[PDB]
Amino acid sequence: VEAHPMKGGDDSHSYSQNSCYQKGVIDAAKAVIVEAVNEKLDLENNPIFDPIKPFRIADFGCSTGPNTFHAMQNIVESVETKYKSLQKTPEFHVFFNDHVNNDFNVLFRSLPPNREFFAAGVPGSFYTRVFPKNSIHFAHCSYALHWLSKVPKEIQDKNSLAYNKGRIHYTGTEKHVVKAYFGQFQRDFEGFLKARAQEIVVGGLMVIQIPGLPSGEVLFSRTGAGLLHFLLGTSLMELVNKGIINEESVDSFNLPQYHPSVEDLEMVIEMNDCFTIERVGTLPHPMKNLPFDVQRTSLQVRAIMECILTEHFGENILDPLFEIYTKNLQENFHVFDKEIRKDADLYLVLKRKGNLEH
């Protein structure tokens, strides 16, 4: 399965309380949800959405909260509002999906007590089927689909054209490595869409928010995620040159992520042919005109990468890794604060096609 969930407690080092960026994405996304419900959720006279049956909502890659709760409440409230305009009130059933090793204990223990929906947790890779056919009316996936199901094996192979020596991700400049990652993304995202097309009802909506490439931009390294990753690699190599880890440990380490362009996403979706694209765009993120926060960014990265870094390098690498990291962020403060593209959060609104619609 090759699963890497986020740091799962409720304390200072947990995802719950180092996921403020991904929350701003949700906050700006509320408008996206509301507009998609009002313009594209066809409730009226439509037995697919018969309010005598429950309205079922699923979050794919929900993590441990609070972001997933804000997102789900946004959807429940927008949908409940439209039904109200039709003098109906269905029950809501909300499903929280993540990897089997996600901390569902923490999630369940922090469910809003005030909630007006029934809740369930659904353990399993969203690159597989996790629901019966035709059961989901509204699907949501925010900041999860850039995670691949695995590192492309050819970049781990010393003898491959695509061997990713001396780096932990891609920048856009090495043709063979980028091709390997993009190839893996095509397969994973197609598997996601295939599973969702079976699970989502005809006319059902799916909203996706994903770290991507800003339009026109060809170099992932000129995004914020891209430079952060590049510096993580250079920070690891400094631990190498000090002798604290060997060079093989870094050569063999790679991030299982791809950050697609809008054109990349559109290609896979159109080929899959089960969803219509109702809208694509970018999310203006709320913290955009604040100054770059060197310290807090270094913490957000650690809370994301801790497990995968530990599992490969061991616990004892973290504290000295990220003190080097923070240092490299500071030397690059200008770039992060005034040069890098702020607009790399992409969103898509999809609608599941009818069975007689090609």
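When you see a residue number, it is the position in the sequence shown, counting from 1.
*Asks:* For the C-alpha atoms alone, is the average B factor greater in 203-211 or in 114-122, going by the entry?
*Replies:* Mean CA B-factor is higher for 114-122.
*Asks:* Mean CA B-factor: is it higher for 285-293 or for 307-315?
*Replies:* In the deposited entry, the stretch with the higher C-alpha B-factor mean is 285-293.
*Asks:* Tell me, please, which of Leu299, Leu43, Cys62, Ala31 has the highest C-alpha B factor according to the deposited entry?
*Replies:* Checking the PDB record, the top C-alpha B-factor among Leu299, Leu43, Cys62, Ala31 is at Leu299.
*Asks:* According to the deposited entry, which of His70, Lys53, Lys327, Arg56 has the largest Cα B-factor?
*Replies:* Within the set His70, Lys53, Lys327, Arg56, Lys327 shows the top C-alpha B-factor.
*Asks:* What third of the chain does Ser235 rank in for C-alpha temperature factor, lowest, middle or highest?
*Replies:* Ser235: CA B-factor falls in the highest third of its chain.
*Asks:* Lowest, middle or highest third: where is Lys194 by C-alpha B factor in its chain?
*Replies:* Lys194: CA B-factor falls in the lowest third of its chain.
*Asks:* Using the temperature factors of the C-alpha atoms in this entry, rank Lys133 within its chain: lowest, middle or highest third.
*Replies:* It falls in the bottom third of the chain.
*Asks:* Could you say whether, by C-alpha temperature factor, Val349 belongs to the lowest, middle or highest third of its chain?
*Replies:* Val349: CA B-factor falls in the lowest third of its chain.
*Asks:* When the deposited Cα B-factors of this chain's modelled residues are ordered and cut into thirds, is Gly183 in the lowest, the middle or the highest one?
*Replies:* Answer is lowest: the recorded C-alpha B-factor places it there.
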